[PDB]
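What follows is a single structure, written as structure tokens, with notes after it.
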Amino acid sequence: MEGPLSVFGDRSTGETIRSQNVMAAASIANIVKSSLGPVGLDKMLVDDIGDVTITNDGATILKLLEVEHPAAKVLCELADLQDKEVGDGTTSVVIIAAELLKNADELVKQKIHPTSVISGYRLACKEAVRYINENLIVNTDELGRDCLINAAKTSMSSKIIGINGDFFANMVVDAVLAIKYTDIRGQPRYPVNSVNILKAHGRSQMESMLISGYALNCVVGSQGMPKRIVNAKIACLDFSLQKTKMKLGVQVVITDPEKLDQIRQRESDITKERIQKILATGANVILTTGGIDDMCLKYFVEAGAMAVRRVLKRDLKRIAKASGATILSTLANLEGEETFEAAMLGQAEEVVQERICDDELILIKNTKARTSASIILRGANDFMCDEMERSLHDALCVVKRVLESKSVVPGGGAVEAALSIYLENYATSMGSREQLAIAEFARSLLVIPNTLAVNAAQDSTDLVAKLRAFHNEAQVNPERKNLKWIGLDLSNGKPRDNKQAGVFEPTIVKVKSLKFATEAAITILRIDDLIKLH
Amino acid sequence: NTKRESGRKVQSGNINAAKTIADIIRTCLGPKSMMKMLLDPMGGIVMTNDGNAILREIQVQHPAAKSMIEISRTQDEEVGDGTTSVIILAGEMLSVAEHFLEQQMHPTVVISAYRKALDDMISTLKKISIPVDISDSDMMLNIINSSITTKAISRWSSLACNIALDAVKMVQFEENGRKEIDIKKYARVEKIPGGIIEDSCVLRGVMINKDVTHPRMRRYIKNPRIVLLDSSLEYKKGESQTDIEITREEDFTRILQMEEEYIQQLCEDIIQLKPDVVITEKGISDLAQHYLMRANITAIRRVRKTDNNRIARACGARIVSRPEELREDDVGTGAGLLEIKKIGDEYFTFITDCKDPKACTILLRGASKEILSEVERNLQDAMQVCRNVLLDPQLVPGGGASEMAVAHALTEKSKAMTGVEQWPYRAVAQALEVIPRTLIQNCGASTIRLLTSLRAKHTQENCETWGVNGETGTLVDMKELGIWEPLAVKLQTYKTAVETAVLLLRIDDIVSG
Amino acid sequence: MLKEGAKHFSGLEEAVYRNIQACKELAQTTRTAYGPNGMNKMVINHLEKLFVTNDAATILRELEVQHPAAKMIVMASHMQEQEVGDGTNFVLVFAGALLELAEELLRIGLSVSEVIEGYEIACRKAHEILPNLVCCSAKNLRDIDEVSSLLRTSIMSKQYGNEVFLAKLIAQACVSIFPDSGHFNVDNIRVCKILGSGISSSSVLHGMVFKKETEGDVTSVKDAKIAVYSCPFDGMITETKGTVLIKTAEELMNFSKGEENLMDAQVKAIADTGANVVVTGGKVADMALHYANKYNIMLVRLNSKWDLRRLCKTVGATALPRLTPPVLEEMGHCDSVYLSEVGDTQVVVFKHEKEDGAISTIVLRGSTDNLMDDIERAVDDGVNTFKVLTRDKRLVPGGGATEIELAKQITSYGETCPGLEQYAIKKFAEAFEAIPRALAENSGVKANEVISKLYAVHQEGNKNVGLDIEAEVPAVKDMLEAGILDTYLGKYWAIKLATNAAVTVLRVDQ
């Protein structure tokens with residue numbers, strides 16, 4: 001290490017270990033800097049020797065990494081803790097820590113009521129959080145001009161592979177409402193990941209078709225058996241048909257192979273009676289769980305059956321609740337001998353079979369017991385559909401995070417660029433200790449976006465030139481609007497004009513990243529005295 | 001633990017390996033050839049034209065070379081060829097770009113140039129990509145023999161032409177989805193040992209080496225019907241687990257034999273039924289398999305269901321509990337040829353299958369058991385065309401005039417695209433022309449003047465179709481010369497190549513774990 | 001070599017490396033030294049005295065390298081500086097820059113002649129297309145602006161802001177007295193630097209400005225027959241005997257008076273030959289002074305050779321030590337030969353006005369020598385850039401809005417003309433970007449950023465780099481009209497010149 005070598009035990013007794021900490025602290029945050037923002041480089045990282053990981057997420061990077069110092073240690077928590085918060089702000093919290101812990105001690109050492117020093121880095125977070133609660137100036141999915149449409153359209157402009165954001169602005173609107181699940185505090189916000197979403201190759205590259213009710217993907221082209229009668233009903237089954245062994249409990253060990261062949265012979269033929277019990281109930285569309293053997297399949301192909309099998313249970317579960325059906329009612333056993341009662345029937349205006357794209361789905365029109373939707377994605381291929389689907393997801397969580405918190409900020413350190421000089425100003429008249437802290441605080445803010453800038457090769461001089469120009473006493477004002485531009489696009493690394501974009505972040509992860517950053521200033525400092533052990 | 005690496009230092013280490021790897025094989029690849037000879041610490045020499053064969057036999061450096069083996073595989077994973085191209089091609093763009101461009105300072109358009117340098121390939125290729133008849137063995141043969149020659153081999157080419165020209169057309173998945181481009185299980189090449197070139201005997205369908213393995217088995221039943229288990233084999237895989245006795249020494253011997261005497265009684269249960277073939281995924285033991293053969297019942301053993309299923313569809317085999325017990329028989333014939341070929345007394349049962357799930361496992365016979373391995377590579381490189389031609393009739397002629405065709409169209413478009421962007425785009429414009437120029441530097445004289453003549457030839461005469469001869473160095477029409485550079489291959493090459501070099505820049509850092 | 005024989009330090013690698021690399025060394029600062037230059041260079045000349053500038057030739061002559069590579073090309077840079085006052089700041093960078101393409105082409109393996117000749121015909125092609133890019137011509141010396149407009153460009157190519165008051169002050173020195181038609185003279189217009197007053201107090205007195213104390217009276221006549229003398233006083237008192245003054249007590253009596261009557265006869269013989277001003281690089285003596293006050297012949301107490309030289313040069317005077325009765329051979333020239341206080345320093349003033357032969361003498365009042373001599377430097381190389389001796393200088397973009405045109409012109413054409421020469425022809429259009437870079441150097445941005453936009457300005461002749469941020473972010477300043485053009489000629493040489501030595505210094509492996 002540095003300075004005195006006289007005592008082991010990571011006791012360098014003051015500035016040495018403190019600097020050996022700021023060294024370690026400035027050592028760990030480095031990967032994050034190059035990894036900061038979507039323009040953060042993607043790090044192939046050797047796990048053992050030939051064992052490697054390619055990751056641009058510092059937190060993920062940190063998780064493979066080990067902590068060789070408390071300085072290395074205290075950040076890899078708070079970073080992974082801010083990762084544990086969301087995963088928005090992982091890289092954010094990391095860097096500023098390395099600056100403040102040479103900043104933090106310098107004041108708190110001088111005592112004179114030693115308690116309150118690092119609160120100069122805390123009250124600043126408060127001062128920031130307030131302002132951070134004040135920023136609709138950039139990043140609005142709270143309302144756009146088309147609201148969640150344009151909010152997603154600008155978010156589909158935030159992730160944009162094409163003119164997508166035309167139907168895809170609407171899909172994300174369709175998506176948040178497609179999902180209906182109990183969400184608490186009263187949220188009409190419903191999770192955006194569970195949205196039933198299907199990929200369609202061919203037709204138009206950029207296009208979407210919203211399914212009334214949830215769209216159940218049901219197997220066609222493998223089972224040639226008709227599942228199709230246009231109906232008002234669906235029988236939602238959690239049940240399986242097998243022509244090899246439908247109900248087990250037989251041992252290959254028994255001296256009699258007849259016992260395994262017998263229930264095989266018998267219970268292979270009961271598979272096609274179960275449906276006849278369901279059809280006679282009035283069910284002309286019966287949604288059955290799959291798992292038939294490749295032999296049992298072609299048998300079910302050549303022997304034939306009336307049923308809808310190998311449906312998506314993610315949709316089947318959603319549709320069971322949606323159409324009012326259950327997936328299990330009278331099913332006490334693996335035997336196809338079981339009768340069927342209408343309890344597993346879903347109720348709908350009609351259940352009509354629409355095969356589109358050369359993919360037949362179970363499309364439940366008027367899912368009765370909830371509101372349901374699924375937006376199928378028309379693209380050249382499913383990779384082209386993979387292309388826009390991911391572009392849709394960051395039109396989702398942003399709306400979601402906005403539906404999580406109406407108050408937001410623009411993502412990135414651009415909110416600092418305002419706050420920083422303001423908080424350095426908010427430090428100025430404080431004077432004494434307090435002009436130091438809040439300014440020594442706010443100067444350490446600047447590292448995040450500028451590093452993120454040069455991560456995009458944005459000439460970080462530019463990033464500060466643009467933002468803190470607009471930031472003034474003229475504009476101290478986030479307002480709700482732009483008389484200054486406090487926004488920073490992260491995949492751009494440069495402030496853009498997008499005030500709705502889906503690549504920003506709400507006030508949620510940002511009020512957090514402040515304190516965690518103030519924490520690492522404190523987090524290393526609690527030790528009283530020092531020693532060494534034998 | 002935590003480890004940090006930075007800047008040019010790793011990216012220069014990225015530059016080194018792949019580029020240094022790109023040296024010998026670029027001279028090796030193409031008709032102009034060399035050999036990369038590994039020195040084992042004992043003095044053991046291993047000389048190939050595949051560096052990835054040499055790279056593994058010794059330390060693979062982490063920064064460039066660890067990713068290059070995989071982009072070596074990925075190319076050979078996809079089309080069945082091209083380990084040696086992508087590496088030198090990625091080594092090209094890796095070499096001159098970043099430092100120069102990072103001395104011009106930016107990671108961004110560097111990465112961005114790969115895109116727009118990649119599509120100019122896609123752009124100028126498919127324009128000058130020459131279509132060839134996919135129904136014509138020959139119109140495919142001239143492009144297939146061009147791609148069977150990947151290193152030295154035109155020898156099995158014409159013979160690997162005929163088999164693949166036949167096979168990939170019949171290729172279908174078990175989905176049978178499309179023909180054409182395919183997985184190598186839906187087109188398989190299993191080299192069959194021994195014989196001679198006359199036994200090569202094109203096989204368009206799956207083969208079962210386990211269908212008839214013995215002379216005592218089923219002899220040439222035109223449509224083999226494999227009966228799956230289910231009753232013909234009633235299910236006992238278990239063991240009696242009879243109690244211990246110290247008096248008889250035979251009880252030690254008999255209890256283990258009990259395992260395989262069950263399938264024996266199950267094979268006895270088969271005999272009564274006489275399935276001409278029997279398939280068992282549980283497997284049948286050989287002490288059980290005695291009684292199947294003498295029935296003139298061949299036995300496919302230790303094969304999975306999908307192996308059988310595709311075949312049971314391909315050989316058109318009724319899949320039933322018993323032949324006399326109705327499981328609803330599958331068809332009697334799915335195939336037109338069942339050929340059981342014998343090198344030695346181990347019989348090789350080949351069922352030629354026309355547009356069936358099958359495997360399309362193709363028969364090849366070298367003069368002996370050895371040169372098979374190249375025929376398979378020849379056939380795989382052959383079937384690659386036949387899956388590429390049945391995909392792309394248009395595939396660029398070039399001696400690397402294609403490797404110029406992009407490069408010069410890039411510098412043309414460098415003038416069009418401009419910005420600071422052009423300079424990477426103009427820098428990456430250079431990297432492509434080196435591979436063939438090396439091959440015509442392998443020729444001699446002034447290879448850059450030939451390249452100048454190329455460039456003079458390029459926009460004036462033609463990009464690629466008309467081009468330079470690779471081994472001669474003359475400027476000639478490469479369809480007229482007959483050298484074919486498959487579109488997909490080229491399409492795959494830079495694509496696979498631009499991808500890795502993107503990350504090699506993106507990685508300035510590795511950790512220790 | 002391998003053998004104990006073969007004298008050389010140059011060759012092979014050390015040619016394709018060190019020579020060109022040593023050539024690279026000096027052009028490094030010439031980049032910071034040309035066009036608008038915010039950069040500055042401390043130099044001690046073997047006075048240990050610091051001096052600061054942007055100019056290479058002042059510095060490079062001092063610098064001593066093993067290798068004629070540096071030692072040669074300066075001559076061409078001089079050959080420029082000889083013919084053209086500025087651009088020499090540039091004349092080195094392009095060659096050194098254009099050279100290092102060869103060693104690259106040598107790694108790319110292009111032959112000596114192959115690399116050379118492409119530049120050659122392209123240089124001719126340049127010399128063909130270079131006058132096509134003449135964007136103006138100069139007009140009138142009598143006009144201060146028409147002159148001063150240009151003059152900034154070279155002062156700019158030395159120092160940026162000062163050029164404004166200066167360029168005007170220059171034609172106000174009357175570059176106009178000479179026609180600039182087959183004639184012009186520095187020594188007539190010669191800079192004379194008065195330390196003191198202001199640096200913008202730097203003035204114009206047409207006719208000689210000699211900072212030397214102007215003694216005696218004013219000249220006997222203003223036509224003055226001017227006998228200038230190196231040391232006409234070695235003393236007429238002799239230094240001999242004991243005390244390095246006297247030995248015997250009787251000695252001092254003859255020492256003191258002998259100086260008088262000798263100087264009396266000496267200064268009488270100044271009147272006897274008829275010299276109306278006496279110029280002593282030798283000492284001044286009050287008797288001789290009073291004799292020069294009696295005979296009323298203006299006295300010069302001390303002389304730099306530059307005094308004597310110019311007096312020898314301009315007047316037609318001949319400075320000789322006279323312990324000897326002065327004899328007019330020097331005679332007169334200047335029709336008005338004065339005492340004056342300029343900067344309120346006693347200023348020895350001779351003036352005669354002729355379309356050719358007129359002294360219109362730049363007088364620099366200045367606060368700092370170390371500045372006023374570099375302030376002299378730019379005006380020097382500015383009026384020497386005024387020296388073209390074409391009153392119409394066939395102007396081209398100054399500060400180099402040219403290169404972007406030609407960097408477009410050649411390498412495009414460079415490919416059209418085919419064969420591996422084309423690459424040397426295409427490498428030819430590259431090192432143009434030097435000053436666009438060399439300004440973006442002192443401006444602080446990338447030449448690529450520059451050229452990409454200044455290729456995007458396409459056919460312009462106007463927009464290009466400079467100082468401030470308009471050479472930075474746009475890299476766009478109008479280097480046709482900022483008021484800044486440059487003559488085709490000084491431009492024409494640099495290409496021509498930097499073609500030669502660059503081509504040359506490569507050829508030599510010994």
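Letters A, B, ... mark the chains of the structure tokens in the order given; residue numbers begin at 1 per chain; ligand numbers begin at 1, in order shown.
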**Message:** Applying 10 Å and only C-alpha atoms, which residues near residue 221 (chain A) remain after dropping the ones on its own chain fewer than 5 positions away? List them as a PyMOL selection string.
**Reply:** (chain A and resi 358-360) or (chain B and resi 175)
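With only C-alpha atoms taken into account, chain C has residues 445, 446 and 473 of chain C at most 12 Å from chain A.
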Expected file contents, prior selection, N, CA and C atoms, as an mmCIF file, in the first residue's frame:
```
data_model
loop_
_atom_site.group_PDB
_atom_site.id
_atom_site.type_symbol
_atom_site.label_atom_id
_atom_site.label_comp_id
_atom_site.auth_asym_id
_atom_site.auth_seq_id
_atom_site.Cartn_x
_atom_site.Cartn_y
_atom_site.Cartn_z
ATOM 1 N N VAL C 445 -9.603 21.243 -32.399
ATOM 2 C CA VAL C 445 -10.498 20.175 -32.839
ATOM 3 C C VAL C 445 -9.810 19.242 -33.824
ATOM 4 N N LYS C 446 -10.555 18.257 -34.313
ATOM 5 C CA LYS C 446 -10.039 17.245 -35.217
ATOM 6 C C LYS C 446 -10.086 17.736 -36.655
ATOM 7 N N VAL C 473 -15.934 24.145 -33.866
ATOM 8 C CA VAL C 473 -17.160 23.376 -34.065
ATOM 9 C C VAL C 473 -17.540 23.279 -35.538
#
```
**Message:** Write out as number ranges by chain the set of residues from region 85-242 of chain B that DSSP, computed on the backbone, places in helix (DSSP H, G or I).
**Reply:** B: 85-96, 98-103, 108-128, 137-148, 157-170, 197-200
**Which of region 229-358 of chain B fall in strand (DSSP E or B), as JSON, numbers by chain** = {"B": [277, 278, 279, 280, 298, 299, 300, 301, 337, 338, 339, 340, 341, 342, 343, 346, 347, 348, 349, 350, 351, 352]}
Give me a file of those residues, with N, CA, C and O atoms, as a compact mmCIF listing (two decimals), in the first residue's frame.
```
# COMPACT_ATOMS: atom_id res chain seq x y z
N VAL B 277 -38.62 -55.15 -39.07
CA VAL B 277 -37.63 -54.44 -38.28
C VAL B 277 -38.24 -54.18 -36.91
O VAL B 277 -39.47 -54.05 -36.79
N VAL B 278 -37.40 -54.10 -35.89
CA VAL B 278 -37.84 -53.75 -34.55
C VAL B 278 -36.97 -52.62 -34.01
O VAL B 278 -35.74 -52.70 -34.06
N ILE B 279 -37.62 -51.57 -33.52
CA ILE B 279 -36.96 -50.40 -32.98
C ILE B 279 -37.25 -50.32 -31.49
O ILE B 279 -38.40 -50.41 -31.06
N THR B 280 -36.19 -50.17 -30.70
CA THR B 280 -36.33 -50.10 -29.25
C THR B 280 -35.47 -48.97 -28.71
O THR B 280 -34.24 -49.02 -28.81
N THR B 298 -34.65 -57.98 -38.62
CA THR B 298 -33.55 -57.10 -38.25
C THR B 298 -33.99 -56.24 -37.07
O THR B 298 -35.18 -56.08 -36.80
N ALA B 299 -33.01 -55.69 -36.36
CA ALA B 299 -33.26 -54.99 -35.12
C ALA B 299 -32.48 -53.68 -35.07
O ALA B 299 -31.25 -53.69 -35.12
N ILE B 300 -33.21 -52.57 -34.96
CA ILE B 300 -32.62 -51.26 -34.73
C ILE B 300 -32.63 -51.02 -33.23
O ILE B 300 -33.70 -50.89 -32.63
N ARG B 301 -31.44 -50.98 -32.63
CA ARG B 301 -31.34 -50.95 -31.18
C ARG B 301 -30.70 -49.65 -30.72
O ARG B 301 -29.92 -49.04 -31.46
N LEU B 337 -36.14 -46.60 -51.84
CA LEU B 337 -34.92 -47.38 -51.84
C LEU B 337 -34.52 -47.75 -50.42
O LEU B 337 -34.34 -46.88 -49.57
N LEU B 338 -34.39 -49.05 -50.19
CA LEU B 338 -33.69 -49.55 -49.02
C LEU B 338 -32.47 -50.33 -49.50
O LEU B 338 -32.62 -51.43 -50.05
N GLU B 339 -31.28 -49.77 -49.29
CA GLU B 339 -30.04 -50.41 -49.69
C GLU B 339 -29.20 -50.70 -48.46
O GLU B 339 -28.78 -49.79 -47.74
N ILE B 340 -28.96 -51.99 -48.21
CA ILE B 340 -28.13 -52.43 -47.10
C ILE B 340 -26.78 -52.81 -47.68
O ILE B 340 -26.64 -53.86 -48.31
N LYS B 341 -25.77 -51.97 -47.44
CA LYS B 341 -24.45 -52.16 -48.01
C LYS B 341 -23.52 -52.71 -46.95
O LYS B 341 -23.58 -52.31 -45.78
N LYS B 342 -22.66 -53.64 -47.36
CA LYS B 342 -21.78 -54.35 -46.44
C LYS B 342 -20.32 -54.09 -46.79
O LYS B 342 -19.87 -54.44 -47.88
N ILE B 343 -19.61 -53.45 -45.87
CA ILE B 343 -18.15 -53.48 -45.84
C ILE B 343 -17.76 -54.31 -44.63
O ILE B 343 -17.91 -53.85 -43.49
N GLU B 346 -20.33 -56.09 -40.90
CA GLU B 346 -21.14 -55.04 -40.33
C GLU B 346 -21.88 -54.34 -41.46
O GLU B 346 -21.27 -53.61 -42.25
N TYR B 347 -23.18 -54.57 -41.52
CA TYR B 347 -24.00 -54.10 -42.62
C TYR B 347 -24.41 -52.66 -42.38
O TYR B 347 -24.66 -52.25 -41.24
N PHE B 348 -24.44 -51.89 -43.46
CA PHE B 348 -24.83 -50.49 -43.42
C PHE B 348 -26.13 -50.37 -44.20
O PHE B 348 -26.13 -50.51 -45.43
N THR B 349 -27.22 -50.12 -43.50
CA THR B 349 -28.54 -50.07 -44.11
C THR B 349 -28.87 -48.63 -44.47
O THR B 349 -29.07 -47.78 -43.59
N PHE B 350 -28.95 -48.36 -45.76
CA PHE B 350 -29.19 -47.03 -46.29
C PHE B 350 -30.58 -47.00 -46.91
O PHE B 350 -30.88 -47.79 -47.80
N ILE B 351 -31.44 -46.11 -46.42
CA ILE B 351 -32.76 -45.97 -47.01
C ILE B 351 -32.84 -44.58 -47.65
O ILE B 351 -32.88 -43.56 -46.95
N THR B 352 -32.84 -44.54 -48.98
CA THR B 352 -32.90 -43.29 -49.72
C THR B 352 -34.33 -42.76 -49.67
O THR B 352 -35.28 -43.46 -50.04
```
**Asked** Once you count only C-alpha atoms, which residues of chain A turn out to be within 8 Å of chain B? Could you give them as a ChimeraX atom specification?
**Response** /A:28,30-31,41-50,52,62,64-68,244,251-258,260-261,264,294-295,299,302-303,456-457
May I have the residues from that selection written out with N, CA and C atoms, as a compact mmCIF listing (two decimals), in the first residue's frame?
```txt
# COMPACT_ATOMS: atom_id res chain seq x y z
N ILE A 28 -12.74 0.59 -8.52
CA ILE A 28 -13.87 -0.26 -8.87
C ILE A 28 -14.80 0.45 -9.83
N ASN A 30 -14.36 2.28 -12.19
CA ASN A 30 -13.85 2.51 -13.53
C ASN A 30 -14.60 1.70 -14.58
N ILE A 31 -14.88 0.43 -14.31
CA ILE A 31 -15.58 -0.41 -15.28
C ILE A 31 -16.93 0.21 -15.61
N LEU A 41 -19.63 0.58 -23.00
CA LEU A 41 -19.05 -0.52 -23.75
C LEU A 41 -19.40 -1.84 -23.09
N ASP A 42 -19.36 -2.92 -23.87
CA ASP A 42 -19.78 -4.23 -23.39
C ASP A 42 -18.56 -5.08 -23.06
N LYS A 43 -18.42 -5.43 -21.79
CA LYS A 43 -17.18 -5.99 -21.28
C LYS A 43 -17.22 -7.51 -21.27
N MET A 44 -16.40 -8.12 -22.13
CA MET A 44 -16.10 -9.54 -22.04
C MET A 44 -15.18 -9.70 -20.85
N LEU A 45 -15.60 -10.50 -19.88
CA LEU A 45 -14.93 -10.57 -18.59
C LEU A 45 -14.69 -12.03 -18.22
N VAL A 46 -13.42 -12.41 -18.15
CA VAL A 46 -13.03 -13.79 -17.90
C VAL A 46 -13.52 -14.21 -16.52
N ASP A 47 -14.27 -15.31 -16.48
CA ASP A 47 -14.73 -15.89 -15.22
C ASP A 47 -13.66 -16.71 -14.53
N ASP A 48 -12.98 -17.59 -15.27
CA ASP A 48 -11.82 -18.30 -14.74
C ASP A 48 -10.60 -18.08 -15.62
N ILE A 49 -10.54 -18.79 -16.75
CA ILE A 49 -9.55 -18.52 -17.79
C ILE A 49 -10.24 -18.50 -19.15
N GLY A 50 -10.76 -19.64 -19.58
CA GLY A 50 -11.57 -19.70 -20.78
C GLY A 50 -13.01 -19.34 -20.45
N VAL A 52 -15.69 -16.92 -19.37
CA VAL A 52 -15.79 -15.48 -19.56
C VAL A 52 -17.24 -15.06 -19.42
N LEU A 62 -19.91 -6.32 -11.31
CA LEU A 62 -19.61 -6.40 -9.88
C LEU A 62 -19.91 -7.78 -9.30
N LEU A 64 -19.88 -10.80 -10.59
CA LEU A 64 -18.75 -11.68 -10.83
C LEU A 64 -17.53 -11.24 -10.04
N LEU A 65 -17.33 -9.93 -9.92
CA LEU A 65 -16.14 -9.40 -9.26
C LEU A 65 -16.20 -9.65 -7.76
N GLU A 66 -15.04 -9.54 -7.12
CA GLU A 66 -14.93 -9.72 -5.68
C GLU A 66 -14.40 -8.43 -5.07
N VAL A 67 -14.60 -8.27 -3.76
CA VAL A 67 -14.27 -7.01 -3.12
C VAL A 67 -13.01 -7.16 -2.27
N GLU A 68 -11.94 -6.49 -2.69
CA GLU A 68 -10.63 -6.65 -2.08
C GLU A 68 -10.38 -5.58 -1.02
N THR A 244 -49.17 -43.73 -24.67
CA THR A 244 -48.17 -44.66 -24.16
C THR A 244 -48.50 -44.97 -22.71
N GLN A 251 -44.11 -50.80 -12.76
CA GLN A 251 -42.67 -50.99 -12.64
C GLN A 251 -42.16 -51.90 -13.75
N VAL A 252 -41.15 -51.42 -14.47
CA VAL A 252 -40.40 -52.26 -15.40
C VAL A 252 -39.72 -53.42 -14.70
N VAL A 253 -39.64 -53.39 -13.37
CA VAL A 253 -39.01 -54.44 -12.57
C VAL A 253 -39.88 -55.69 -12.45
N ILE A 254 -41.21 -55.55 -12.46
CA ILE A 254 -42.11 -56.67 -12.20
C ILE A 254 -41.85 -57.79 -13.20
N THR A 255 -41.93 -59.03 -12.72
CA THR A 255 -41.74 -60.19 -13.60
C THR A 255 -42.75 -60.19 -14.74
N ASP A 256 -43.86 -59.48 -14.56
CA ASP A 256 -44.89 -59.42 -15.59
C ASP A 256 -44.76 -58.13 -16.39
N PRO A 257 -44.29 -58.19 -17.64
CA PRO A 257 -44.43 -57.03 -18.52
C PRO A 257 -45.87 -56.77 -18.92
N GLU A 258 -46.76 -57.74 -18.71
CA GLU A 258 -48.17 -57.58 -19.05
C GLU A 258 -48.80 -56.43 -18.28
N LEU A 260 -47.47 -53.54 -17.48
CA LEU A 260 -47.17 -52.24 -18.08
C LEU A 260 -47.87 -52.09 -19.42
N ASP A 261 -47.96 -53.18 -20.18
CA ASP A 261 -48.66 -53.14 -21.46
C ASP A 261 -50.16 -52.98 -21.28
N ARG A 264 -51.12 -49.52 -20.48
CA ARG A 264 -50.76 -48.85 -21.72
C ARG A 264 -51.83 -49.07 -22.79
N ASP A 294 -44.31 -38.09 -29.54
CA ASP A 294 -44.21 -38.00 -31.00
C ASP A 294 -44.94 -39.16 -31.67
N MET A 295 -44.93 -40.33 -31.02
CA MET A 295 -45.78 -41.43 -31.46
C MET A 295 -47.24 -41.14 -31.15
N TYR A 299 -50.31 -40.72 -33.75
CA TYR A 299 -51.53 -41.46 -33.44
C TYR A 299 -52.71 -40.51 -33.30
N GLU A 302 -53.35 -39.60 -36.75
CA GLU A 302 -53.98 -40.60 -37.61
C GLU A 302 -55.23 -41.19 -36.99
N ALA A 303 -55.25 -41.37 -35.66
CA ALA A 303 -56.49 -41.78 -35.02
C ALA A 303 -57.48 -40.62 -34.91
N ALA A 456 -20.54 7.79 -25.25
CA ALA A 456 -21.07 7.98 -26.60
C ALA A 456 -20.15 8.83 -27.46
N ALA A 457 -18.97 9.19 -26.95
CA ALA A 457 -18.06 10.10 -27.63
C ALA A 457 -18.76 11.43 -27.93
```
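You can rank C:508, C:50, C:497, C:110 by their closest distance to chain B using only C-alpha atoms, and at the top of that list sits C:110.
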Distance table requested - chain B against chain C, cut-off 8 Å, only C-alpha atoms: one row per qualifying residue with the closest atom pair and its distance in Å to one decimal, ordered by chain and rising residue number, as a Markdown table.
```
| residue | atom | partner | partner_atom | distance |
| --- | --- | --- | --- | --- |
| B:104 | CA | C:448 | CA | 7.2 |
| B:418 | CA | C:452 | CA | 6.6 |
| B:419 | CA | C:452 | CA | 5.0 |
| B:420 | CA | C:452 | CA | 5.2 |
| B:423 | CA | C:448 | CA | 7.8 |
| B:448 | CA | C:420 | CA | 7.5 |
| B:449 | CA | C:420 | CA | 5.9 |
| B:452 | CA | C:419 | CA | 6.1 |
| B:453 | CA | C:419 | CA | 7.5 |
| B:456 | CA | C:418 | CA | 7.3 |
```
**Item:** Polymer residues at most 9 Å from region 356-360 of chain C, only C-alpha atoms, same-chain spacing of 6 or more positions, as a ChimeraX atom specification
**Value:** /C:173-175,177-179,183-190,204-208,314,334,350
**Prompt:** Could you pull the residues within 7 Å of region 262-268 of chain C, counting only C-alpha atoms, minus those fewer than 5 positions along the same chain, as a ChimeraX atom specification?
**Reply:** /C:236,288,291-292,295,325-326
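Every protein, DNA or RNA residue with an atom at most 9 Å from residue 440 (chain C), where only C-alpha atoms count and chain neighbours fewer than 3 positions away do not, is listed here: residues 435, 436, 437, 443, 444, 445, 446, 447, 450, 465, 466, 467, 471, 472 and 475 of chain C.
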Any chance you could export the current selection's C-alpha atoms as a compact mmCIF listing (two decimals), in the first residue's frame?
```txt
# COMPACT_ATOMS: atom_id res chain seq x y z
CA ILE C 435 -3.04 23.59 -41.70
CA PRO C 436 -6.77 22.76 -41.41
CA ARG C 437 -5.39 20.44 -38.74
CA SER C 443 -8.01 25.81 -32.47
CA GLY C 444 -8.39 22.49 -30.66
CA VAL C 445 -10.50 20.17 -32.84
CA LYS C 446 -10.04 17.25 -35.22
CA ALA C 447 -8.95 17.82 -38.79
CA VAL C 450 -12.61 19.87 -39.95
CA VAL C 465 -10.54 27.01 -40.20
CA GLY C 466 -8.90 29.82 -38.29
CA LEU C 467 -8.76 30.65 -34.59
CA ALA C 471 -12.37 26.84 -36.56
CA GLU C 472 -13.52 24.42 -33.85
CA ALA C 475 -14.31 24.47 -38.57
```
